[PDB]
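Listing of target-v2.txt, compact mmCIF, N, CA and C atoms and all ligand atoms
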# COMPACT_ATOMS: atom_id res chain seq x y z
N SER T 7 0.82 -1.21 0.00
CA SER T 7 0.00 0.00 0.00
C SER T 7 0.85 1.26 0.00
N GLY T 8 0.25 2.38 -0.41
CA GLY T 8 0.94 3.66 -0.41
C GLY T 8 0.41 4.61 -1.46
N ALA T 9 0.58 5.91 -1.24
CA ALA T 9 0.12 6.92 -2.19
C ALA T 9 1.07 8.13 -2.19
N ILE T 10 0.96 9.00 -3.22
CA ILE T 10 1.68 10.26 -3.32
C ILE T 10 0.62 11.35 -3.12
N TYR T 11 0.91 12.33 -2.27
CA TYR T 11 -0.04 13.43 -2.01
C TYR T 11 0.60 14.71 -2.47
N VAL T 12 0.17 15.28 -3.60
CA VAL T 12 0.78 16.51 -4.14
C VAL T 12 -0.34 17.48 -4.44
N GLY T 13 -0.29 18.69 -3.87
CA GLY T 13 -1.35 19.68 -4.08
C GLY T 13 -2.70 19.13 -3.64
N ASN T 14 -3.70 19.20 -4.52
CA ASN T 14 -5.01 18.64 -4.19
C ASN T 14 -5.23 17.30 -4.88
N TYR T 15 -4.15 16.49 -5.03
CA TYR T 15 -4.24 15.18 -5.69
C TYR T 15 -3.68 14.08 -4.82
N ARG T 16 -4.23 12.86 -4.97
CA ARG T 16 -3.76 11.64 -4.36
C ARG T 16 -3.48 10.66 -5.53
N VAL T 17 -2.24 10.20 -5.66
CA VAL T 17 -1.84 9.27 -6.72
C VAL T 17 -1.70 7.89 -6.10
N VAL T 18 -2.44 6.90 -6.59
CA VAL T 18 -2.37 5.53 -6.05
C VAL T 18 -2.24 4.51 -7.20
N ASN T 19 -1.91 3.25 -6.87
CA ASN T 19 -1.96 2.18 -7.89
C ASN T 19 -3.43 2.00 -8.27
N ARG T 20 -3.75 1.99 -9.56
CA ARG T 20 -5.16 1.83 -9.98
C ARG T 20 -5.83 0.58 -9.38
N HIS T 21 -5.07 -0.54 -9.27
CA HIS T 21 -5.64 -1.79 -8.75
C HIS T 21 -5.94 -1.75 -7.25
N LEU T 22 -5.41 -0.73 -6.54
CA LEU T 22 -5.63 -0.57 -5.10
C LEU T 22 -6.54 0.64 -4.78
N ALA T 23 -7.07 1.33 -5.81
CA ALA T 23 -7.94 2.49 -5.57
C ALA T 23 -9.18 2.08 -4.77
N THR T 24 -9.62 2.96 -3.87
CA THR T 24 -10.80 2.71 -3.02
C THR T 24 -12.09 3.24 -3.66
N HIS T 25 -13.27 2.97 -3.02
CA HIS T 25 -14.53 3.55 -3.50
C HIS T 25 -14.43 5.09 -3.49
N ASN T 26 -13.78 5.67 -2.44
CA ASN T 26 -13.63 7.12 -2.37
C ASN T 26 -12.75 7.68 -3.48
N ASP T 27 -11.68 6.96 -3.86
CA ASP T 27 -10.83 7.40 -4.98
C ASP T 27 -11.67 7.47 -6.26
N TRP T 28 -12.48 6.41 -6.54
CA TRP T 28 -13.32 6.41 -7.75
C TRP T 28 -14.41 7.49 -7.71
N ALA T 29 -14.92 7.83 -6.52
CA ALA T 29 -15.94 8.89 -6.38
C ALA T 29 -15.36 10.31 -6.59
N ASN T 30 -14.05 10.46 -6.41
CA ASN T 30 -13.37 11.72 -6.60
C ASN T 30 -12.33 11.61 -7.74
N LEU T 31 -12.62 10.80 -8.76
CA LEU T 31 -11.72 10.55 -9.88
C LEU T 31 -11.33 11.78 -10.68
N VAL T 32 -10.01 11.93 -10.94
CA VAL T 32 -9.49 13.00 -11.79
C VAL T 32 -9.00 12.39 -13.12
N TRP T 33 -8.26 11.26 -13.02
CA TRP T 33 -7.68 10.61 -14.19
C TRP T 33 -7.25 9.20 -13.80
N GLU T 34 -7.43 8.26 -14.71
CA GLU T 34 -6.94 6.89 -14.48
C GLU T 34 -6.46 6.28 -15.80
N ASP T 35 -5.50 5.35 -15.72
CA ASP T 35 -4.97 4.71 -16.91
C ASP T 35 -4.62 3.25 -16.57
N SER T 36 -5.45 2.29 -17.04
CA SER T 36 -5.23 0.89 -16.76
C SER T 36 -3.87 0.42 -17.32
N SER T 37 -3.47 0.97 -18.49
CA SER T 37 -2.18 0.55 -19.08
C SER T 37 -0.98 1.00 -18.24
N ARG T 38 -1.14 1.99 -17.35
CA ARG T 38 -0.05 2.45 -16.47
C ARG T 38 -0.21 1.97 -15.01
N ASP T 39 -1.36 1.32 -14.68
CA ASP T 39 -1.70 0.94 -13.30
C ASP T 39 -1.74 2.19 -12.41
N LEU T 40 -2.19 3.36 -12.93
CA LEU T 40 -2.28 4.57 -12.09
C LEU T 40 -3.71 5.15 -12.02
N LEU T 41 -4.03 5.75 -10.88
CA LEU T 41 -5.29 6.47 -10.72
C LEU T 41 -4.98 7.67 -9.84
N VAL T 42 -5.57 8.83 -10.17
CA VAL T 42 -5.40 10.09 -9.41
C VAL T 42 -6.78 10.56 -8.99
N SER T 43 -6.94 10.85 -7.71
CA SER T 43 -8.21 11.36 -7.16
C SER T 43 -7.97 12.73 -6.51
N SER T 44 -9.06 13.50 -6.32
CA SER T 44 -8.93 14.82 -5.69
C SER T 44 -9.00 14.76 -4.16
N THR T 45 -8.33 15.69 -3.48
CA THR T 45 -8.36 15.74 -2.00
C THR T 45 -8.81 17.12 -1.53
N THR T 46 -9.31 17.22 -0.30
CA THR T 46 -9.69 18.51 0.26
C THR T 46 -8.46 19.16 0.95
N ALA T 47 -7.58 18.34 1.54
CA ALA T 47 -6.39 18.85 2.21
C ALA T 47 -5.20 18.97 1.24
N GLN T 48 -4.26 19.87 1.55
CA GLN T 48 -3.06 20.07 0.72
C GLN T 48 -2.04 18.96 1.00
N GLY T 49 -1.44 18.39 -0.04
CA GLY T 49 -0.51 17.27 0.13
C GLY T 49 0.91 17.59 0.58
N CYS T 50 1.59 16.57 1.13
CA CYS T 50 2.93 16.62 1.70
C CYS T 50 4.13 16.46 0.69
N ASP T 51 3.94 15.87 -0.50
CA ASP T 51 5.01 15.52 -1.48
C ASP T 51 5.30 16.54 -2.64
N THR T 52 6.55 16.48 -3.29
CA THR T 52 7.15 17.22 -4.45
C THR T 52 7.45 16.18 -5.56
N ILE T 53 7.09 16.45 -6.83
CA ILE T 53 7.35 15.50 -7.92
C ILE T 53 8.64 15.86 -8.64
N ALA T 54 9.49 14.87 -8.90
CA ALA T 54 10.73 15.10 -9.65
C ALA T 54 10.40 15.38 -11.13
N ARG T 55 11.16 16.29 -11.75
CA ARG T 55 11.04 16.62 -13.18
C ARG T 55 12.48 16.50 -13.70
N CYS T 56 12.87 15.28 -14.06
CA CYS T 56 14.27 14.95 -14.36
C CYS T 56 14.33 13.63 -15.17
N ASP T 57 15.58 13.20 -15.50
CA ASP T 57 15.81 11.94 -16.16
C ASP T 57 16.72 11.04 -15.31
N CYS T 58 16.65 11.14 -13.97
CA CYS T 58 17.44 10.27 -13.09
C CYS T 58 17.12 8.80 -13.37
N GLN T 59 18.14 7.96 -13.28
CA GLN T 59 18.01 6.50 -13.36
C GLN T 59 18.56 5.82 -12.11
N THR T 60 18.76 6.58 -11.02
CA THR T 60 19.13 6.03 -9.71
C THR T 60 18.24 6.72 -8.67
N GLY T 61 17.97 6.01 -7.59
CA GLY T 61 17.11 6.55 -6.54
C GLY T 61 17.01 5.59 -5.39
N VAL T 62 16.06 5.83 -4.50
CA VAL T 62 15.86 5.00 -3.31
C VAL T 62 14.35 4.72 -3.21
N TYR T 63 13.97 3.46 -2.92
CA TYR T 63 12.55 3.13 -2.77
C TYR T 63 12.25 2.53 -1.41
N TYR T 64 11.00 2.68 -0.97
CA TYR T 64 10.59 2.07 0.29
C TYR T 64 9.96 0.71 0.03
N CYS T 65 10.47 -0.32 0.74
CA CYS T 65 10.02 -1.70 0.60
C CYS T 65 9.30 -2.14 1.91
N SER T 66 7.96 -2.12 1.89
CA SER T 66 7.20 -2.42 3.10
C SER T 66 7.41 -3.84 3.65
N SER T 67 7.66 -4.82 2.75
CA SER T 67 7.90 -6.21 3.17
C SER T 67 9.25 -6.43 3.88
N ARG T 68 10.10 -5.38 3.94
CA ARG T 68 11.36 -5.40 4.69
C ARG T 68 11.43 -4.23 5.71
N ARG T 69 10.44 -3.32 5.73
CA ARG T 69 10.43 -2.08 6.52
C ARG T 69 11.76 -1.32 6.29
N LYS T 70 12.21 -1.24 5.04
CA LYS T 70 13.53 -0.65 4.75
C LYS T 70 13.52 0.07 3.42
N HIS T 71 14.44 1.03 3.26
CA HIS T 71 14.65 1.71 1.99
C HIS T 71 15.87 1.09 1.31
N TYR T 72 15.81 0.94 -0.01
CA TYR T 72 16.93 0.37 -0.75
C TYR T 72 17.33 1.28 -1.91
N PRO T 73 18.63 1.43 -2.18
CA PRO T 73 19.05 2.20 -3.38
C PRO T 73 18.90 1.32 -4.66
N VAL T 74 18.52 1.91 -5.81
CA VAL T 74 18.31 1.15 -7.05
C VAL T 74 18.80 1.89 -8.28
N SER T 75 19.21 1.13 -9.30
CA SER T 75 19.48 1.66 -10.64
C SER T 75 18.27 1.15 -11.43
N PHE T 76 17.54 2.04 -12.12
CA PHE T 76 16.32 1.63 -12.81
C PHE T 76 16.32 2.03 -14.28
N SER T 77 15.62 1.20 -15.11
CA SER T 77 15.53 1.48 -16.55
C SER T 77 14.58 2.65 -16.85
N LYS T 78 14.75 3.31 -18.04
CA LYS T 78 13.87 4.42 -18.44
C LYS T 78 12.43 3.91 -18.61
N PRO T 79 11.42 4.78 -18.40
CA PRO T 79 10.02 4.31 -18.54
C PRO T 79 9.77 3.69 -19.90
N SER T 80 9.20 2.48 -19.92
CA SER T 80 8.98 1.79 -21.19
C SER T 80 7.78 0.84 -21.14
N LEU T 81 7.46 0.19 -22.29
CA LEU T 81 6.35 -0.77 -22.40
C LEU T 81 6.89 -2.14 -22.07
N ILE T 82 6.38 -2.77 -21.01
CA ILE T 82 6.87 -4.06 -20.55
C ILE T 82 5.74 -5.04 -20.37
N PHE T 83 5.92 -6.27 -20.86
CA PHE T 83 4.89 -7.29 -20.71
C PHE T 83 4.73 -7.69 -19.24
N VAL T 84 3.46 -7.75 -18.75
CA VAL T 84 3.15 -8.15 -17.38
C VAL T 84 2.14 -9.31 -17.45
N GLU T 85 2.49 -10.43 -16.82
CA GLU T 85 1.65 -11.64 -16.82
C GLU T 85 0.29 -11.34 -16.17
N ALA T 86 -0.76 -12.12 -16.54
CA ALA T 86 -2.09 -11.94 -15.98
C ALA T 86 -2.08 -12.06 -14.45
N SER T 87 -2.91 -11.25 -13.78
CA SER T 87 -3.08 -11.29 -12.33
C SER T 87 -4.60 -11.29 -12.06
N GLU T 88 -5.02 -11.29 -10.77
CA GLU T 88 -6.45 -11.19 -10.50
C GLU T 88 -6.99 -9.79 -10.86
N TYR T 89 -6.09 -8.80 -11.05
CA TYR T 89 -6.45 -7.43 -11.33
C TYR T 89 -6.48 -7.08 -12.79
N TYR T 90 -5.64 -7.73 -13.60
CA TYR T 90 -5.54 -7.39 -15.02
C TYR T 90 -5.30 -8.61 -15.86
N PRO T 91 -5.77 -8.59 -17.12
CA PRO T 91 -5.38 -9.67 -18.03
C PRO T 91 -3.90 -9.49 -18.40
N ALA T 92 -3.29 -10.50 -19.08
CA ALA T 92 -1.92 -10.39 -19.57
C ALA T 92 -1.87 -9.20 -20.57
N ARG T 93 -0.90 -8.28 -20.40
CA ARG T 93 -0.90 -7.07 -21.22
C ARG T 93 0.47 -6.37 -21.17
N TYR T 94 0.66 -5.29 -21.95
CA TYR T 94 1.88 -4.48 -21.82
C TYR T 94 1.54 -3.30 -20.93
N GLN T 95 2.32 -3.11 -19.87
CA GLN T 95 2.15 -1.96 -18.99
C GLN T 95 3.11 -0.88 -19.50
N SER T 96 2.60 0.32 -19.74
CA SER T 96 3.42 1.43 -20.23
C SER T 96 4.01 2.27 -19.07
N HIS T 97 5.05 3.10 -19.38
CA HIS T 97 5.67 4.01 -18.42
C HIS T 97 6.19 3.24 -17.18
N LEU T 98 6.69 2.00 -17.40
CA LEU T 98 7.16 1.16 -16.30
C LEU T 98 8.69 1.11 -16.31
N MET T 99 9.29 1.22 -15.10
CA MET T 99 10.74 1.23 -14.90
C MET T 99 11.12 0.01 -14.07
N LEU T 100 12.11 -0.80 -14.51
CA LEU T 100 12.51 -1.97 -13.74
C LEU T 100 13.85 -1.75 -13.04
N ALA T 101 14.00 -2.43 -11.91
CA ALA T 101 15.26 -2.44 -11.17
C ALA T 101 15.41 -3.76 -10.44
N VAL T 102 16.65 -4.09 -10.04
CA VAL T 102 16.89 -5.28 -9.23
C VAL T 102 16.70 -4.87 -7.78
N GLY T 103 15.82 -5.57 -7.10
CA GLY T 103 15.51 -5.29 -5.71
C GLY T 103 14.35 -6.14 -5.26
N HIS T 104 14.24 -6.34 -3.96
CA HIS T 104 13.16 -7.11 -3.40
C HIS T 104 11.79 -6.44 -3.49
N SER T 105 10.77 -7.21 -3.87
CA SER T 105 9.38 -6.76 -3.82
C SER T 105 8.47 -8.00 -3.78
N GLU T 106 7.34 -7.83 -3.07
CA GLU T 106 6.21 -8.72 -2.84
C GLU T 106 4.91 -7.97 -3.16
N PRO T 107 3.80 -8.67 -3.49
CA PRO T 107 2.57 -7.97 -3.94
C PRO T 107 2.12 -6.74 -3.10
N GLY T 108 2.14 -6.89 -1.79
CA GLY T 108 1.79 -5.84 -0.82
C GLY T 108 2.75 -4.65 -0.80
N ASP T 109 3.87 -4.74 -1.56
CA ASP T 109 4.79 -3.62 -1.66
C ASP T 109 4.32 -2.51 -2.61
N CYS T 110 3.27 -2.77 -3.40
CA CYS T 110 2.77 -1.75 -4.36
C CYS T 110 2.38 -0.49 -3.63
N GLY T 111 2.76 0.65 -4.18
CA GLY T 111 2.48 1.92 -3.52
C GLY T 111 3.69 2.52 -2.82
N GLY T 112 4.76 1.72 -2.60
CA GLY T 112 5.99 2.27 -2.02
C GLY T 112 6.60 3.32 -2.95
N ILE T 113 7.04 4.44 -2.38
CA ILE T 113 7.58 5.53 -3.19
C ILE T 113 9.04 5.31 -3.59
N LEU T 114 9.36 5.66 -4.86
CA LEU T 114 10.73 5.73 -5.37
C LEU T 114 11.05 7.24 -5.47
N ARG T 115 12.18 7.70 -4.87
CA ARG T 115 12.57 9.11 -4.87
C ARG T 115 14.00 9.23 -5.37
N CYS T 116 14.29 10.34 -6.04
CA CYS T 116 15.68 10.73 -6.36
C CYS T 116 15.94 12.06 -5.60
N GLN T 117 17.12 12.68 -5.78
CA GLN T 117 17.42 13.96 -5.13
C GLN T 117 16.46 15.10 -5.54
N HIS T 118 15.65 14.92 -6.63
CA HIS T 118 14.75 15.99 -7.10
C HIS T 118 13.31 15.88 -6.58
N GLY T 119 12.97 14.70 -6.03
CA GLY T 119 11.63 14.46 -5.54
C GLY T 119 11.11 13.08 -5.88
N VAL T 120 9.80 12.94 -5.84
CA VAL T 120 9.13 11.67 -6.10
C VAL T 120 9.20 11.31 -7.58
N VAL T 121 9.68 10.09 -7.87
CA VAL T 121 9.81 9.60 -9.24
C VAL T 121 8.59 8.73 -9.66
N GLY T 122 8.16 7.85 -8.75
CA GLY T 122 7.06 6.92 -9.05
C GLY T 122 6.70 6.00 -7.90
N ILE T 123 5.86 4.99 -8.16
CA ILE T 123 5.46 4.07 -7.08
C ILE T 123 5.64 2.63 -7.51
N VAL T 124 5.92 1.72 -6.55
CA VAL T 124 6.02 0.29 -6.87
C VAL T 124 4.68 -0.20 -7.50
N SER T 125 4.78 -0.91 -8.61
CA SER T 125 3.58 -1.41 -9.31
C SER T 125 3.70 -2.90 -9.66
N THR T 126 4.94 -3.44 -9.82
CA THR T 126 5.15 -4.85 -10.19
C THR T 126 6.40 -5.41 -9.47
N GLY T 127 6.67 -6.71 -9.61
CA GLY T 127 7.89 -7.29 -9.07
C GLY T 127 7.92 -8.79 -9.20
N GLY T 128 8.86 -9.39 -8.50
CA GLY T 128 9.02 -10.84 -8.44
C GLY T 128 10.40 -11.25 -8.89
N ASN T 129 10.91 -12.37 -8.32
CA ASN T 129 12.21 -12.94 -8.70
C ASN T 129 13.40 -12.01 -8.51
N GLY T 130 13.33 -11.13 -7.52
CA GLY T 130 14.41 -10.19 -7.27
C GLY T 130 14.35 -8.96 -8.15
N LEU T 131 13.19 -8.72 -8.83
CA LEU T 131 12.99 -7.49 -9.57
C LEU T 131 11.92 -6.63 -8.86
N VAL T 132 11.93 -5.34 -9.16
CA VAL T 132 10.92 -4.42 -8.67
C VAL T 132 10.59 -3.46 -9.81
N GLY T 133 9.30 -3.28 -10.13
CA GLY T 133 8.88 -2.37 -11.21
C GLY T 133 8.14 -1.17 -10.64
N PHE T 134 8.41 0.03 -11.19
CA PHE T 134 7.84 1.29 -10.69
C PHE T 134 7.09 2.00 -11.81
N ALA T 135 5.87 2.48 -11.49
CA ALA T 135 5.07 3.26 -12.40
C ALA T 135 5.60 4.69 -12.32
N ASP T 136 6.12 5.23 -13.43
CA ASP T 136 6.66 6.60 -13.44
C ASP T 136 5.53 7.62 -13.33
N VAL T 137 5.80 8.76 -12.63
CA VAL T 137 4.84 9.87 -12.58
C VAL T 137 5.47 11.19 -13.04
N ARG T 138 6.77 11.20 -13.43
CA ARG T 138 7.46 12.46 -13.74
C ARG T 138 6.92 13.18 -14.97
N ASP T 139 6.26 12.44 -15.88
CA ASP T 139 5.69 13.08 -17.08
C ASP T 139 4.34 13.76 -16.82
N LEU T 140 3.73 13.54 -15.65
CA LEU T 140 2.39 14.10 -15.36
C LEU T 140 2.55 15.52 -14.84
N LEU T 141 2.82 16.45 -15.77
CA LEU T 141 3.13 17.83 -15.36
C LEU T 141 1.99 18.55 -14.65
N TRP T 142 0.73 18.15 -14.97
CA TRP T 142 -0.46 18.76 -14.41
C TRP T 142 -0.60 18.51 -12.89
N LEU T 143 0.15 17.55 -12.32
CA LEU T 143 0.07 17.28 -10.87
C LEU T 143 0.47 18.53 -10.05
N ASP T 144 1.31 19.41 -10.63
CA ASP T 144 1.82 20.64 -10.01
C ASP T 144 1.01 21.88 -10.24
N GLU T 145 -0.21 21.76 -10.74
CA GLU T 145 -1.08 22.92 -10.94
C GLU T 145 -2.55 22.53 -10.72
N1 LIG M 201 1.00 -3.76 -12.34
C1 LIG M 201 0.38 -4.93 -12.35
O1 LIG M 201 -0.19 -5.38 -13.35
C2 LIG M 201 0.41 -5.71 -11.05
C3 LIG M 201 -0.96 -5.73 -10.36
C4 LIG M 201 -0.89 -6.46 -9.01
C5 LIG M 201 -0.28 -7.85 -9.18
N2 LIG M 201 1.00 -7.75 -9.91
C6 LIG M 201 2.22 -7.93 -9.37
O2 LIG M 201 3.25 -7.84 -10.03
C7 LIG M 201 2.24 -8.13 -7.87
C8 LIG M 201 3.66 -8.14 -7.38
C9 LIG M 201 4.27 -6.97 -6.94
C10 LIG M 201 5.55 -7.00 -6.41
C11 LIG M 201 6.24 -8.20 -6.30
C12 LIG M 201 5.65 -9.37 -6.75
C13 LIG M 201 4.37 -9.33 -7.29
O3 LIG M 201 3.78 -10.45 -7.84
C14 LIG M 201 4.28 -11.72 -7.36
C15 LIG M 201 5.77 -11.72 -7.25
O4 LIG M 201 6.33 -10.55 -6.59
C16 LIG M 201 0.88 -7.15 -11.24
ZN ZN M 202 16.00 13.23 -10.28

What do you get writing this file as structure tokens?
Ligand SMILES: NC(=O)[C@H]1CCCN(C(=O)Cc2cccc3c2OCCO3)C1
Ligand SMILES: [Zn+2]
Amino acid sequence: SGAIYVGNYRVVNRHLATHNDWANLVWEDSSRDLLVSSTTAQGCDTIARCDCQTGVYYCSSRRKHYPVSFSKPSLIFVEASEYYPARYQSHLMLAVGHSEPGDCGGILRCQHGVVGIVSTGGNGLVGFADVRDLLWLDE
């Protein structure tokens, strides 16, 4: 679990969105596993606007942060789950690191701010849904 709170927006994994997220929907994209909902309170986070390929992510299944080298956002095949059929997930970044299903929502940050959230993993890999291209989050 986990979310990004920036301005009057809450960014979560689309497959973990609540009834309240859907009732306050701003934008969602099944191909990216992302959903953004509106909030009444002002958020705590800053979004990175950069091309960093190194950062640190929070891994809830270890209660620890780990440093990672990650690939540029791209289209990657993701096997069928209870949430989605087998498909290509877009804007996805891979890195070597521990992750388990319940780790989705953990934040990946670089020195410039929030880069994205854990969305996939397995076999010593961790995949992150990028948010740096969503310029409208800052207005
Ligand atoms: N973006 C998607 O389509 C997700 C939706 C939720 C399920 N899924 C995963 O990859 C879950 C997962 C995360 C992290 C480590 C995992 C793991 O699955 C087992 C092995 O280790 C695909
Ligand atoms: Zn950066």

Using only N, CA and C atoms and all ligand atoms, find each residue in chain T having at least one atom no more than 5 Å away from ligand LIG 201 (chain M); report its shortest atom-to-atom pair and that distance in Å (one decimal), rows by chain then rising number, as a Markdown table.
| residue | atom | partner | partner_atom | distance |
| --- | --- | --- | --- | --- |
| T:105 | C | M:LIG201 | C11 | 3.4 |
| T:106 | C | M:LIG201 | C11 | 3.4 |
| T:107 | CA | M:LIG201 | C9 | 3.6 |
| T:125 | C | M:LIG201 | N1 | 3.9 |
| T:126 | CA | M:LIG201 | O2 | 3.5 |
| T:127 | CA | M:LIG201 | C11 | 3.4 |
| T:128 | CA | M:LIG201 | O4 | 3.3 |

Counting only N, CA and C atoms and all ligand atoms, give me one row per residue of chain T with an atom at most 5 Å from an atom of ligand ZN 202 (chain M), showing the shortest contact pair and its distance in Å to one decimal, sorted by chain then residue number, as JSON lines.
{"residue": "T:56", "atom": "CA", "partner": "M:ZN202", "partner_atom": "ZN", "distance": 4.8}
{"residue": "T:58", "atom": "N", "partner": "M:ZN202", "partner_atom": "ZN", "distance": 4.3}
{"residue": "T:116", "atom": "CA", "partner": "M:ZN202", "partner_atom": "ZN", "distance": 4.7}
{"residue": "T:117", "atom": "N", "partner": "M:ZN202", "partner_atom": "ZN", "distance": 4.7}
{"residue": "T:118", "atom": "N", "partner": "M:ZN202", "partner_atom": "ZN", "distance": 4.0}

Saved selection, atoms kept: N, CA and C atoms, as a short mmCIF file (atom, residue, chain, number, x, y, z; two decimals), in the coordinates of the input:
data_model
loop_
_atom_site.label_atom_id
_atom_site.label_comp_id
_atom_site.auth_asym_id
_atom_site.auth_seq_id
_atom_site.Cartn_x
_atom_site.Cartn_y
_atom_site.Cartn_z
N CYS T 56 12.87 15.28 -14.06
CA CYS T 56 14.27 14.95 -14.36
C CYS T 56 14.33 13.63 -15.17
N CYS T 58 16.65 11.14 -13.97
CA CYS T 58 17.44 10.27 -13.09
C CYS T 58 17.12 8.80 -13.37
N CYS T 116 14.29 10.34 -6.04
CA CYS T 116 15.68 10.73 -6.36
C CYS T 116 15.94 12.06 -5.60
N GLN T 117 17.12 12.68 -5.78
CA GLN T 117 17.42 13.96 -5.13
C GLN T 117 16.46 15.10 -5.54
N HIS T 118 15.65 14.92 -6.63
CA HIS T 118 14.75 15.99 -7.10
C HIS T 118 13.31 15.88 -6.58
#

message: Env of stretch 129-143 of chain T: 8 Å cut, atoms = all atoms listed in the file, seq-sep filter 4 positions within chain, self excluded. Answer as a PyMOL selection string.
response: chain T and resi 12-15+38-40+53-56+79-80+96-106+114+120-125

task: Write down as a list in words the residues belonging to chain T that are assigned alpha helix (DSSP H) by DSSP computed on the backbone.
output: residues 25, 26, 27, 28 and 29 of chain T

message: Going by DSSP on the backbone, which residues of chain T come out as strand (DSSP E)? List them as a ChimeraX atom specification.
response: /T:10-12,15-19,31-35,40-44,60-65,70-75,80-84,93-102,113-116,119-128,131-136

query: Do you have the atom C of residue T:49-atom N of residue T:67 distance handy?
result: 23.5 Å

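Straight-line separation from atom C of residue T:83 to atom CA of residue T:95: 6.3 Å.
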
With N, CA, C and O atoms as the target, complete stretch 8-22 of chain T and hand it back as an mmCIF file, keeping the file's coordinate frame.
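That gives us result_21.cif:
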data_model
loop_
_atom_site.group_PDB
_atom_site.id
_atom_site.type_symbol
_atom_site.label_atom_id
_atom_site.label_comp_id
_atom_site.auth_asym_id
_atom_site.auth_seq_id
_atom_site.Cartn_x
_atom_site.Cartn_y
_atom_site.Cartn_z
ATOM 1 N N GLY T 8 0.250 2.380 -0.410
ATOM 2 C CA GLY T 8 0.940 3.660 -0.410
ATOM 3 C C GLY T 8 0.410 4.610 -1.460
ATOM 4 O O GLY T 8 -0.179 4.176 -2.451
ATOM 5 N N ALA T 9 0.580 5.910 -1.240
ATOM 6 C CA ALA T 9 0.120 6.920 -2.190
ATOM 7 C C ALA T 9 1.070 8.130 -2.190
ATOM 8 O O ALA T 9 1.862 8.320 -1.240
ATOM 9 N N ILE T 10 0.960 9.000 -3.220
ATOM 10 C CA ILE T 10 1.680 10.260 -3.320
ATOM 11 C C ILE T 10 0.620 11.350 -3.120
ATOM 12 O O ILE T 10 -0.460 11.287 -3.717
ATOM 13 N N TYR T 11 0.910 12.330 -2.270
ATOM 14 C CA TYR T 11 -0.040 13.430 -2.010
ATOM 15 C C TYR T 11 0.600 14.710 -2.470
ATOM 16 O O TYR T 11 1.535 15.155 -1.822
ATOM 17 N N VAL T 12 0.170 15.280 -3.600
ATOM 18 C CA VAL T 12 0.780 16.510 -4.140
ATOM 19 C C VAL T 12 -0.340 17.480 -4.440
ATOM 20 O O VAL T 12 -1.305 17.122 -5.128
ATOM 21 N N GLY T 13 -0.290 18.690 -3.870
ATOM 22 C CA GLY T 13 -1.350 19.680 -4.080
ATOM 23 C C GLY T 13 -2.700 19.130 -3.640
ATOM 24 O O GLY T 13 -2.779 18.501 -2.574
ATOM 25 N N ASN T 14 -3.700 19.200 -4.520
ATOM 26 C CA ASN T 14 -5.010 18.640 -4.190
ATOM 27 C C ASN T 14 -5.230 17.300 -4.880
ATOM 28 O O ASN T 14 -6.376 16.971 -5.215
ATOM 29 N N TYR T 15 -4.150 16.490 -5.030
ATOM 30 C CA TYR T 15 -4.240 15.180 -5.690
ATOM 31 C C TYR T 15 -3.680 14.080 -4.820
ATOM 32 O O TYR T 15 -2.728 14.315 -4.060
ATOM 33 N N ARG T 16 -4.230 12.860 -4.970
ATOM 34 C CA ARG T 16 -3.760 11.640 -4.360
ATOM 35 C C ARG T 16 -3.480 10.660 -5.530
ATOM 36 O O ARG T 16 -4.368 10.397 -6.336
ATOM 37 N N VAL T 17 -2.240 10.200 -5.660
ATOM 38 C CA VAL T 17 -1.840 9.270 -6.720
ATOM 39 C C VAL T 17 -1.700 7.890 -6.100
ATOM 40 O O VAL T 17 -0.908 7.722 -5.179
ATOM 41 N N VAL T 18 -2.440 6.900 -6.590
ATOM 42 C CA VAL T 18 -2.370 5.530 -6.050
ATOM 43 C C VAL T 18 -2.240 4.510 -7.200
ATOM 44 O O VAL T 18 -2.537 4.827 -8.374
ATOM 45 N N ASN T 19 -1.910 3.250 -6.870
ATOM 46 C CA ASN T 19 -1.960 2.180 -7.890
ATOM 47 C C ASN T 19 -3.430 2.000 -8.270
ATOM 48 O O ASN T 19 -4.293 1.880 -7.377
ATOM 49 N N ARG T 20 -3.750 1.990 -9.560
ATOM 50 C CA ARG T 20 -5.160 1.830 -9.980
ATOM 51 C C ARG T 20 -5.830 0.580 -9.380
ATOM 52 O O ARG T 20 -6.992 0.648 -8.954
ATOM 53 N N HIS T 21 -5.070 -0.540 -9.270
ATOM 54 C CA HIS T 21 -5.640 -1.790 -8.750
ATOM 55 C C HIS T 21 -5.940 -1.750 -7.250
ATOM 56 O O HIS T 21 -6.647 -2.629 -6.752
ATOM 57 N N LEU T 22 -5.410 -0.730 -6.540
ATOM 58 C CA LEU T 22 -5.630 -0.570 -5.100
ATOM 59 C C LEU T 22 -6.540 0.640 -4.780
ATOM 60 O O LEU T 22 -6.741 0.965 -3.594
#
